[PDB]
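Undergrad: Line order of the protein sequences matches chains A and A'. A prime marks a further copy of an entry chain. Going by PDB author numbering, the letters in the first sequence line up with residues 69 to 143, 147 to 811, in that order. Going by PDB author numbering, the letters in the second sequence line up with residues 69 to 143, 147 to 811, in that order. All C-beta atoms in this analysis are idealised placements derived from N, C-alpha and C, irrespective of residue type, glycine included. Sharing a structure here in structure tokens format.
Protein chains: 2
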Amino acid sequence: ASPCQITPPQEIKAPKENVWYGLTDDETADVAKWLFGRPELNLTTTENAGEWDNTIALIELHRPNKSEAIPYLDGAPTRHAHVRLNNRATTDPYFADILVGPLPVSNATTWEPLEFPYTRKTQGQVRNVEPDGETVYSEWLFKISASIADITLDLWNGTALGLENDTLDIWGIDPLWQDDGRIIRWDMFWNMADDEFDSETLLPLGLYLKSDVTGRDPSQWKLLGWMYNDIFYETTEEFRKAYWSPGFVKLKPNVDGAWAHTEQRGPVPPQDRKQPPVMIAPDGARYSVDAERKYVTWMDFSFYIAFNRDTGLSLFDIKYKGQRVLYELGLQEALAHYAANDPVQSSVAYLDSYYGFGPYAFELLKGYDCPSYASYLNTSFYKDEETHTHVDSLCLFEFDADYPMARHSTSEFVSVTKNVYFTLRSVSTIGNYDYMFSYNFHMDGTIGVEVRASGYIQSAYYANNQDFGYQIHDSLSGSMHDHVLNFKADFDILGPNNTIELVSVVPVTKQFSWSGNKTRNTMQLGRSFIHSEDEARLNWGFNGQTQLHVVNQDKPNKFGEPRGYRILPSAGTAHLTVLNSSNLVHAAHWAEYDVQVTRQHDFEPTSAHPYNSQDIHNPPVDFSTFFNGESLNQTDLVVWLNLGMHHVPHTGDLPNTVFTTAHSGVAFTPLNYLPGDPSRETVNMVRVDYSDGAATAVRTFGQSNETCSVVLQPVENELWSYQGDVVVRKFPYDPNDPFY
Amino acid sequence: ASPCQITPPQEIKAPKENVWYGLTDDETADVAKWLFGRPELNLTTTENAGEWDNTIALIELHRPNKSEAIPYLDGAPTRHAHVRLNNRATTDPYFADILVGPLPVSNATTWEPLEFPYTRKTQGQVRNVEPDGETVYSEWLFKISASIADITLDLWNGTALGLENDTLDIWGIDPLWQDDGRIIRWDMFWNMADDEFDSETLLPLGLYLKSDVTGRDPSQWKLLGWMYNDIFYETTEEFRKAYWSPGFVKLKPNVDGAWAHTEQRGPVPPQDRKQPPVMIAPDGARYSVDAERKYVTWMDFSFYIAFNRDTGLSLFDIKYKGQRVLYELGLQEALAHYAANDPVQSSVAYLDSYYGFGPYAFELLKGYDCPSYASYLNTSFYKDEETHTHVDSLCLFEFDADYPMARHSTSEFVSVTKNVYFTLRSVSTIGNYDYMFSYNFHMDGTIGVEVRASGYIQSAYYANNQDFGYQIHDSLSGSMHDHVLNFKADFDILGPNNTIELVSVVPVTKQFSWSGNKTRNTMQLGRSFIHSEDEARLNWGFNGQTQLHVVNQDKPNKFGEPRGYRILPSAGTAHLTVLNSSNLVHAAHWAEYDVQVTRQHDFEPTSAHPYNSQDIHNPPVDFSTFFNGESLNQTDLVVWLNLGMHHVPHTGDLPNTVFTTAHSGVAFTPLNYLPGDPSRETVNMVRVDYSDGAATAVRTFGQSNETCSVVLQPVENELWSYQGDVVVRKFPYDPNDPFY
Ligand SMILES: *[C@@H]1O[C@H](CO)[C@@H](O[C@@H]2O[C@H](CO)[C@@H](O[C@@H]3O[C@H](CO)[C@@H](O)[C@H](O[C@H]4O[C@H](CO)[C@@H](O)[C@H](O)[C@@H]4O)[C@@H]3O)[C@H](O)[C@H]2NC(C)=O)[C@H](O)[C@H]1NC(C)=O
Ligand SMILES: *[C@@H]1O[C@H](CO)[C@@H](O[C@@H]2O[C@H](CO)[C@@H](O[C@@H]3O[C@H](CO)[C@@H](O)[C@H](O[C@H]4O[C@H](CO)[C@@H](O)[C@H](O)[C@@H]4O)[C@@H]3O)[C@H](O)[C@H]2NC(C)=O)[C@H](O)[C@H]1NC(C)=O
Ligand SMILES: *[C@@H]1O[C@H](CO)[C@@H](O[C@@H]2O[C@H](CO)[C@@H](O)[C@H](O)[C@H]2NC(C)=O)[C@H](O)[C@H]1NC(C)=O
Ligand SMILES: *[C@@H]1O[C@H](CO)[C@@H](O[C@@H]2O[C@H](CO)[C@@H](O)[C@H](O)[C@H]2NC(C)=O)[C@H](O)[C@H]1NC(C)=O
Ligand SMILES: *[C@@H]1O[C@H](CO)[C@@H](O)[C@H](O)[C@H]1NC(C)=O
Ligand SMILES: *[C@@H]1O[C@H](CO)[C@@H](O)[C@H](O)[C@H]1NC(C)=O
Ligand SMILES: *[C@@H]1O[C@H](CO)[C@@H](O)[C@H](O)[C@H]1NC(C)=O
Ligand SMILES: *[C@@H]1O[C@H](CO)[C@@H](O)[C@H](O)[C@H]1NC(C)=O
Ligand SMILES: *[C@@H]1O[C@H](CO)[C@@H](O)[C@H](O)[C@H]1NC(C)=O
Ligand SMILES: *[C@@H]1O[C@H](CO)[C@@H](O)[C@H](O)[C@H]1NC(C)=O
Ligand SMILES: [Ca+2]
Ligand SMILES: [Ca+2]
Ligand SMILES: [Ca+2]
Ligand SMILES: [Ca+2]
Ligand SMILES: [Cu+2]
Ligand SMILES: [Cu+2]
């Protein structure tokens, strides 16, 4: 009864360097040092910086153009850094995208504006619409709040003044209102959560404050009004007189309590203290990894891992049976578009790459976020002249699905194939949201992209919000919002020259050669190719009647059928409900359809830019401008896919939303691509022949007949070795003294 | 290092008798004996019977009316048998639904026609449209085939004559054509599969034969024509002259080979011979079962299992936290509606309860169809005066999902809850189809109903079928078909008096009290109740914008919000594409919408009847007739749900369709039903607090801290104990001599 051998993944070396992953620590250090030695940039370190300096917002690898990468992979691009500067030594503060290279840093190294990969052509510059993060509080919000401190005490026994005794918090909208040169704020009071709980987004208080914060001089900012209980007041005097008048309606606060906390609560059900089932890996990891080149192979699949600050995880050069199917697959942006009868919730339209997925891709809880036997990679990100490493933030694992891949029974025999699949997973927790992203690979050739949501909802005050959600607590509205997450799928099916084919199942009344002048009500296939970008923005059909295929017309199979891959919403999807959003303007045009196809260009690498929110009337990347009538008939196309959900939170979203139901996914599956089903090549299948009450034969096809043992420790033990974020200072470069 | 204790499920006793499950062996024996002792019925045993006798098609428990069951459960119905007779001692053969009772069988026992639970009111009688199964071959098809034996030899080196040397097979349509009193057949030649392979449905040959088979006298049947390569011939002479003419196009057969077989084939991928991950249950089964009353409890859930010949598995009295949410949940019928440029495939519209799900609910392969630690129940069915028991054909198991239930991270702590859920599963294999049905229960209160499909597709000959599928092999078309499977969901939310509410997310341009004469492009909730059956047949909205809730308006929560359950297509769904199908006529009106709500009646227990196919112009149950303008405002309603798929098989459906992508599901989740998320009551969650590079606290909430060991045997060992179908003769009743 020998122990099972839980062997780690195989150590292999990727055939090519990983030209996408990111900067090495040294490179990032060299570039930082170089940038500070450029007096024209006149940069200050974060530690020394305040609100009126020039600082380094980001230093990362500039990803090479596909036209550079493909000849390196198929037949080594010079590395360059992408740098972002926050220039606040000015009354017109701005963000600046630049290129620093060539690397390694040398006398030959230069910098220049970067405007190639953006649709806005402004030398990589966009305004910084929130340059006074501190001053907006100390010289404005807190002063205004002190104007009504007596009122906030009477309403909720609280104050927000900027002191230790503060029991209230003030914040509002994203993006800020950007009508006609002006920059306008709508803010709300919130109750604070108890110490060591993250429940503030469940504690709105319902008093709103409109501010014109145009310019960086607080003596020129104006108080445009207040709102409470659906009544508007132009001035503070008018609100104060109304408040203390007899008959004034005072509404209750939301106060923190067990209801808003994630701890165990309520009756423990029968037998739940016993161990639930646990997935184990008797032979360990049945895949191969290059840890240095962040490269993975599993069965017939291989791919490279990439990771940035904006969108976190990304996959490159995804191949199947030695042949590329996707040059690039990755998150592009996440939208959280709200609506409400109040101005704060009405105005929220989060574009998460502003905050970044990479910085909040924290370490996973082993055994919970992924199975215990999963292999775990690191990810890092640059901020504040520091490299932050999130230890064990990616996970990789095989998983035996609760249902088999295939089967067939008869009166004489039964056969079944197991469904063993591979998953690459990341989880980013941006403030209150927990997005869990998963990339699946299956033995039938199916690639899956999924997202699930959990964490805290961004709540809304109950008062008069009947048309925009449910009341789910004493003074709480669940509110409403659309999640829309855009993914870039650069399919290069049997080469770059591809076409989108729509294969539709549609009703027809039809006559036939055997019908005899009679007709029959039946159905038919309707086939058409998307010819141009003019007709390339579409939605999933009524009754799922239209299938969408990415094919290569120049590589048909032996039956004249173009080889390709079907894209289907396996777990359901949804695009933005709001038409011509007032919040977004031009900032998220990708959110308007489920499936969008454009011709590939190296000057259109991403569907978004992190600071689209800074200038919604003229964003760096305006996705709309990608559509200029280019041909999509056997050219290099990119399929842009939205995963998404319509979320009207109910009482079951308290304390947190659950991953079971907050779910959205698409799947890429072979379509007339192979001679047959490739899952049949697995040994992990069986055929039992049977008669007269017993099995006569059991064919197991060369799979393991191993008998072995495992000792199961409680996974919670490993939780004690949770460390979190490992910081290394990069200027001055001090890699031997990490800290937290 | 003590071994893990894999304890079986707890033995409990259900609070009430299981009034739905089925007849006991003795009852079934007593009823058979009784029926044969009724000379008015003049019945012959199957062993003695041919085509011109009266036989017993079915003996089963007549399920009691809900009006009888509810007072027994909430405050014991007399048992009656439902019997079906195949009366073929007549030139107008017919099926007869009757009631035999009361039970136990005594002098008081009687029989009578049963027409209460059918919409057709014809004393439970419907014609038998296929009474001459044997004669249709020996006196017709084989004689006609011998007429062209020389041609079938030249075309495919084969013959169908009714001999041992037969290499071809002949069969065709379901239902048979039923225009204007006549009964018409369209049949096709098929190639036979090799010995011990089930691949015939992949081997069409493309020669078609139209026959008028009206009446039971073969000398009055007529040969209406032939079809081949899209050319029609009215007579055999005309076809024979055309065939042997110079220039006649002869098209190739589909012949069996590895391509059509399910055995392992192709390159075994890297590391696949190693053991894949395996789910184990360290503490065994964390649920409770009454084996005698077929009753299950898991955590906060409980339900009764029922099982019949027509639709197989069914659930009754599904309760949550001691309160009923569904009186009944179960498969009602499965449609397989095809289309093609040929008459056989054009005419196929299978209604599977004719064949029955219960007879083909074969024993599962342990470790493959379900996890190895699953508990396995039996199911049985009556046929041919015999009780057939399918050993270990139901399975029950917990499963730790590959993703957690909920999580939330901060810079100071992380918390996660596991997603451990319960599954009840059955698999029916009707001829070539393998339907795997699964009922899921989750710790958030979510109930899931799923189907996946695998097995062999019913193929189509390639010739001239371009508009109705792909060519996927040398002479093979994948064809096309809609799967539509109807489920009855009798929600009784906090009592029988319920209402359907549609909560929709829709765009609006809106003015506000804080807007200042400006409007904003936003979105809003749109709420409406379904008032009547006139407006109760609907489809899932555009962009998933409309949520469907089953609520009780008379039991609102403390915030005025009606308590209920959301129904959502979690895994995607689809209804029948074909409008006013010529194949179906009135036989499957439930297939026409995704979601259909009717008022509950005991005289409408099922949406279908097995022999709807026998009289498509006047079926026993015509679902359309359920809709007669009855109020659905706070009355007892039934939600009828379709799971389904549009399936245009491609090359990856060879040899079999795969469960990964052939998938469809709905989910019932609490909606403003509880004060909060009930998943938080589980101990199987964790919270890690962390700082300065280490975890300061790990709260595990009273879950298992067990360290134990398991020996893992290869599951294939248990496969040798596969026995299959255990038959016991019920007339003469001989329970001590079972056989196969
Ligand atoms: C190289 O970088 C340095 C900074 O790293 C930069 O010096 C900074 O210049 C900014 C102005 O661009 C200074 O900010 C001002 O400081 C003064 C005095 O302390 C304040 O009074 C100013 O605020 C008032 O006036 C503003 C309008 O002019 C209003 O908008 C504002 O609300 C106030 O009323 C303003 O904050 C900053 O202090 C210096 N820092 C240092 C260390 O000198 C320098 O100019 C750059 N070099 C070049 C060549 O550009
Ligand atoms: C009680 O049940 C028994 C059967 O269990 C029943 O006797 C059966 O009657 C049927 C007729 O209803 C008989 O079937 C016929 O048999 C004759 C002679 O063998 C055949 O020639 C007949 O077939 C020809 O004629 C038919 C039209 O009349 C044509 O449709 C057909 O194509 C043929 O040309 C026909 O098959 C059957 O043989 C008997 N069986 C026995 C054992 O007697 C009996 O009538 C029932 N009792 C009562 C009171 O109803
Ligand atoms: C769209 O792309 C396809 C490329 O396959 C073009 O069709 C091919 O055209 C060549 C001649 O240039 C033929 O020899 C091939 O047989 C064609 N293949 C198929 C499958 O049709 C097509 O012409 C292009 N459309 C336009 C408008 O240029
Ligand atoms: C539809 O059903 C609801 C049952 O709740 C009816 O509304 C209730 O009517 C009673 C009076 O009969 C009131 O006292 C309740 O307050 C009502 N409740 C709600 C939530 O409105 C309603 O009248 C019925 N509709 C019709 C047309 O009869
Ligand atoms: C905080 O202290 C200030 C100054 O004394 C006071 O005005 C305010 O009421 C205090 N806040 C609270 C919540 O008591
Ligand atoms: C992740 O980073 C930590 C801290 O730098 C390091 O100790 C560890 O080796 C890294 N993980 C791997 C797999 O190399
Ligand atoms: C969107 O709305 C704005 C103002 O509401 C209007 O000026 C503009 O024309 C609209 N855009 C479109 C594309 O309809
Ligand atoms: C079967 O035997 C018959 C009678 O001899 C003959 O006509 C026919 O050709 C045989 N079938 C085949 C497939 O050879
Ligand atoms: C299933 O039926 C078989 C054959 O009658 C019997 O031996 C076995 O005990 C049954 N299973 C259970 C769990 O009782
Ligand atoms: C369905 O079609 C038949 C014949 O094609 C026709 O007689 C009938 O009116 C149609 N029914 C409906 C509801 O349109
Ligand atoms: Ca373009
Ligand atoms: Ca491409
Ligand atoms: Ca009715
Ligand atoms: Ca009901
Ligand atoms: Cu949400
Ligand atoms: Cu199918």
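1. Can you pull the chain A residues whose beta carbon is under 8 Å from the beta carbon of residue 657 of chain A', in chain order?
2. DSSP has residue 568 of chain A' in a bridge; who is on the other side?
3. Starting from residue 157 of chain A, trace the alpha helix (DSSP H) in both directions and tell me its first and last residue.
4. Scan the region 530 to 613 of chain A and note each continuous beta strand (DSSP E) run of 3 residues or more that stays entirely inside, going in chain order.
5. Cβ of residue 707 of chain A' versus every heavy atom of ligand 4: is any distance shorter than 7 Å?
6. Within the continuous beta strand (DSSP E) that includes residue 397 of chain A', where are the two ends?
7. Is residue 446 of chain A close to chain A'? Criterion is C-beta to C-beta, closer than 8 Å.
8. Using the three-state DSSP reduction, which class does residue 526 of chain A fall into: helix, strand or coil?
9. Judging by CA-CA distance, which residue of A':294, A':318, A':320 is the nearest neighbour of residue 308 of chain A'?
10. Output the distance between the C-alpha atoms of residue 80 of chain A and residue 566 of chain A, rounded to the nearest integer angstrom.
11. Strictly under 8 Å for the Cβ-Cβ distance: is residue 804 of chain A' near chain A by that measure?
12. In whole angstroms, what is the alpha-carbon distance linking residue 750 of chain A and residue 757 of chain A?
13. For residue 811 of chain A, count the other beta carbons within 10 Å of its own beta carbon; 16 or more makes it buried, fewer makes it exposed. Which is it?
14. Measuring CA to CA, which of A:362, A:423, A:484 is closest to residue 467 of chain A?
15. From residue 385 of chain A' to residue 428 of chain A', what does the alpha carbon distance come to, in whole angstroms?
16. With respect to 7 Å, is the separation between the Cβ of residue 552 of chain A' and the closest non-hydrogen atom of ligand 16 below this value?
17. Please go through the region 300 to 386 of chain A' and give each complete alpha helix (DSSP H) segment of 4 or more residues, from N-terminal end onward.
18. Exposed or buried, residue 319 of chain A, counting other C-beta atoms within 10 Å across all chains shown (16 or more means buried)?
19. So the candidates are A:766, A:230, A:634; which of them puts its Cα closest to the Cα of residue 745 of chain A?
20. To the nearest angstrom, report how far apart residue 530 of chain A and residue 547 of chain A are at their CA atoms.
21. So, at 7 Å on beta carbons, what are the nonlocal neighbours of residue 84 of chain A' in its own chain, with the 5 sequence-adjacent residues on each side left out?
22. Answer with buried or exposed for residue 486 of chain A, where buried requires no fewer than 16 other C-beta atoms within 10 angstroms of its C-beta.
23. Scan the region 778 to 794 of chain A for residues whose Cβ lies nearer than 8 Å to a Cβ of chain A' and list them as they occur along the chain.
24. Using CA coordinates, which residue listed in A':805, A':108, A':73 is at the minimum distance from residue 459 of chain A'?
25. Taking the continuous alpha helix (DSSP H) assigned at residue 217 of chain A, which residues delimit it?
26. On a CA-only basis, which of A':764, A':793, A':795 is nearest residue 790 of chain A? Give me that one, please.
27. Is there a Cβ from chain A that is less than 8 Å from the Cβ of residue 303 of chain A'?
28. By DSSP, does residue 660 of chain A sit in helix, in strand, or in coil?
29. Taking a cut of 9 Å between CB atoms, which residues from the region 339 to 367 of chain A lie near chain A'?
30. Which residue marks the beginning of the alpha helix (DSSP H) containing residue 80 of chain A', and which one marks its end?
31. Count the other CB atoms within 10 Å of the CB of residue 539 of chain A'; is the residue buried (16 or more) or exposed (fewer)?
TA: A quick look at the data gives this:
1. Neighbours of residue 657 of chain A' on chain A: none; closest Cβ ~13 Å, over 8 Å.
2. For residue 568 of chain A', which the question treats as bridged, DSSP gives the partners A':707.
3. In this chain, residue 157 of chain A is not harboured by any alpha helix (DSSP H); it is covered by the beta strand (DSSP E) spanning 151 to 158.
4. Counting only runs that start and end inside the region 530 to 613 of chain A, the beta strand (DSSP E) elements of at least 3 residues fall at 542 to 544, 551 to 562, 568 to 582, 590 to 600.
5. No, ligand 4 has no heavy atom inside 7 Å of this Cβ.
6. Its beta strand (DSSP E) spans residues 394 to 410.
7. Among the residues facing chain A', residue 446 of chain A is not included, as its CB has no counterpart in that chain under 8 Å away.
8. In this structure, residue 526 of chain A counts as strand in the three-state DSSP scheme.
9. The candidate whose alpha carbon is nearest that of residue 308 of chain A' is A':294.
10. Cα to Cα, residue 80 of chain A sits roughly 26 Å from residue 566 of chain A.
11. No, its Cβ sits nowhere closer than 8 Å to a Cβ of chain A.
12. In a straight line, the C-alpha of residue 750 of chain A is about 13 Å away from that of residue 757 of chain A.
13. With fewer than 16 Cβ atoms within 10 Å of its Cβ, residue 811 of chain A is classed as exposed.
14. Per the Cα distances, A:362.
15. One C-alpha to the other measures close to 11 Å.
16. At a threshold of 7 Å, residue 552 of chain A' counts as near ligand 16, since its beta carbon sits closer than that to one of the ligand's heavy atoms.
17. Restricted to the region 300 to 386 of chain A', the alpha helix (DSSP H) segments that are unbroken, complete and at least 4 residues in length are 307 to 314, listed in chain order.
18. The Cβ neighbour count for residue 319 of chain A, taken over all protein chains shown within 10 Å, is under 16; the residue is labelled exposed.
19. Of the residues A:766, A:230, A:634, the one whose Cα lies closest to the Cα of residue 745 of chain A is A:634.
20. Taking the straight line joining both Cα atoms gives about 7 Å.
21. 140, 141, listed in sequence order.
22. Label assigned to residue 486 of chain A: buried.
23. Under the 8 Å Cβ criterion, the region 778 to 794 of chain A contributes 778, 779, 780, 781, 782, 783, 784, 785, 787, 790, 791, 792, 793, 794.
24. That would be A':805, whose Cα lies nearest to the Cα of residue 459 of chain A'.
25. Where residue 217 of chain A is concerned, the enclosing alpha helix (DSSP H) stretches over 213 to 218.
26. Checking every option, the nearest Cα to that of residue 790 of chain A belongs to A':764.
27. Chain A, which has a Cβ nearer than 8 Å to the Cβ of residue 303 of chain A', makes this yes.
28. The DSSP-derived three-state label of residue 660 of chain A is helix.
29. Listed by position along the chain: 339, 340, 341, 342, 343, 344, 345, 346, 347, 348, 349, 350, 351, 352, 353, 354, 355, 356, 357, 358, 359.
30. Run containing residue 80 of chain A': none; DSSP gives neither H nor E here.
31. That one is buried.
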